[PDB]
Amino acid sequence: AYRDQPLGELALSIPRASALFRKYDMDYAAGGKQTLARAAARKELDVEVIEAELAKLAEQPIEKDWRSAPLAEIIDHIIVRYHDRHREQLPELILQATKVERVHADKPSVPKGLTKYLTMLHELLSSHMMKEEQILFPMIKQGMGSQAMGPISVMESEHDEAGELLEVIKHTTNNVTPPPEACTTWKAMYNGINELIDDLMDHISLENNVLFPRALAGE
Ligand SMILES: [Fe+3]
Ligand SMILES: [Fe+3]
C-alpha cells in the first residue's frame, strides 16, 4: 500500500527512503505530492520491489520526524543544516569543477559545462535563500503564514528551477558517476556533488512538503 502514499510523506516518515528515491531518480522534493505508484509508473519501475525496500527501511521510525515539529524549529534547522551548508558547498564545488574541466579538458569523459551549471545554481540559491531568510521565514515566524500564498508560490517556482539545474548537473556527470580515469579531485568532487544533491532535495522537501503547507494552513 506504500504505492498509494505521496512520495513526500514516505520520505518524511521512513528513514533513508530519501536515498532510495534518489537511487530511482524520483523527485520527492518538488514532486512530493505525487504517489509512489504514479512515480514508479512514469519510470516503468517494479513498484512491488520498491515497496519491499521501503518496508525494510520502515522497520525503524525516522530518527527525527519534522512533520509535526514547530515551524520555528523547522526554519532554524533549515538555516543551519541546509542554507549555511549550501553557502559553503557550492563555492568549493565551483572551484573543483573549474580545476577538473581544465586539467582533464582533453579527456572524453570530462564534465564540460559543470562549472557553468554549478555557478547558475549558486547564483539561484544565493538570492533564493536570502529571500526566504529575509521575507518568508520571518513572516511564518510572526504567524502570517496563512497569508503567504504568493511568496510561497514564488519560492516553489524557484525550487523547480533548482531542480532543473540538478537534472543538468546529473546528466553532465553521467549521473554523478566518475570514469575509471578519474583522479582524486575528480572523485572527491562527485562525492561533494552527490552530497549537495542529497542535501538540497531534503531541504526542498522539508519546505515544499512540511513548512509551506503547514504555514498556509495556519499552523
Ligand atoms: Fe530554503
Ligand atoms: Fe527554498
Side-chain angles (χ1 to χ4, degrees), residues 6-13 17-19 21-22 25-34 39 62-94 117-170 176 192-219:
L7 282 180
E9 286 294 295
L10 297 168
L12 291 158
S13 57
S18 61
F21 298 153
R22 281 260 290 115
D25 204 69
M26 294 186 278
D27 186 354
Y28 68 96
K33 303 174 210 305
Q34 79 190 314
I62 193 140
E63 190 168 327
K64 173 75 180 167
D65 189 347
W66 292 103
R67 292 178 297 169
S68 301
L71 305 187
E73 285 177 20
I74 290 171
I75 282 164
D76 292 342
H77 173 67
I78 289 166
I79 290 166
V80 167
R81 174 61 180 81
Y82 297 123
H83 286 198
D84 286 343
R85 294 209 186 174
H86 299 334
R87 288 184 183 109
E88 304 303 328
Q89 292 166 328
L90 266 301
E92 182 180 1
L93 291 174
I94 286 165
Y117 299 131
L118 289 171
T119 302
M120 291 171 69
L121 183 61
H122 182 52
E123 290 179 0
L124 172 65
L125 288 185
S126 292
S127 57
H128 173 79
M129 294 183 303
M130 178 171 63
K131 297 166 181 190
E132 287 185 344
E133 284 176 29
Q134 298 183 356
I135 303 170
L136 184 52
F137 290 176
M139 159 174 218
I140 295 172
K141 281 201 179 176
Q142 290 305 307
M144 303 145 60
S146 66
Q147 307 159 244
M149 181 65 259
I152 284 169
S153 89
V154 175
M155 298 300 93
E156 292 194 346
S157 177
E158 297 189 353
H159 292 166
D160 291 339
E161 289 182 73
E164 292 304 313
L165 279 165
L166 289 184
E167 242 59 37
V168 183
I169 290 162
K170 288 192 278 185
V176 203
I193 287 171
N194 270 328
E195 173 190 271
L196 169 63
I197 293 167
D198 291 357
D199 280 1
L200 185 50
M201 292 198 74
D202 286 348
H203 168 200
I204 292 167
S205 174
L206 185 54
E207 293 177 359
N208 279 29
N209 297 318
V210 181
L211 179 64
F212 291 173
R214 287 178 62 205
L216 280 168
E219 298 186 32

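This chain uses plain numbering: 1 for the first residue, then up along the sequence. Read the numbers this way: they start at 1 and go in the same order the structure lists the ligands and their atoms. FYI, side chains are in, hydrogens and waters are out, and symmetry mates aren't considered; it's all heavy atoms of this structure.
In this structure, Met139 places its CE atom where more than 12 heavy-atom neighbours from other residues, nucleotides or ligands lie under 6.0 Å away.
For the salt bridge (charged side-chain N to carboxylate O under 4.0 Å, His left out) test, residues two or more places apart in sequence or in another chain that qualify with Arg87 are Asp84, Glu133. Residues passing the salt bridge (charged side-chain N to carboxylate O under 4.0 Å, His left out) test with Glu9 are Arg67, sequence neighbours excluded. The side chain to side chain contact (heavy atoms under 4.5 Å, CB included) check on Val154 picks up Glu158, with sequence neighbours excluded.
The pair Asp25-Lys170 meets the salt-bridge criterion, with a side-chain N (NZ, NE, NH1 or NH2) lying under 4.0 Å from an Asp/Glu carboxylate O. Between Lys141 and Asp76, at least one side-chain N (NZ, or NE/NH1/NH2) sits under 4.0 Å from a carboxylate O, which counts as a salt bridge.
Within the protein, the N, O or S atoms sitting under 2.8 Å from the Fe ion (ligand 1) are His83 NE2, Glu132 OE1, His203 NE2, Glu207 OE2.
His159 has its closest N, O or S atom to the Fe ion (ligand 2) at the position named NE2.
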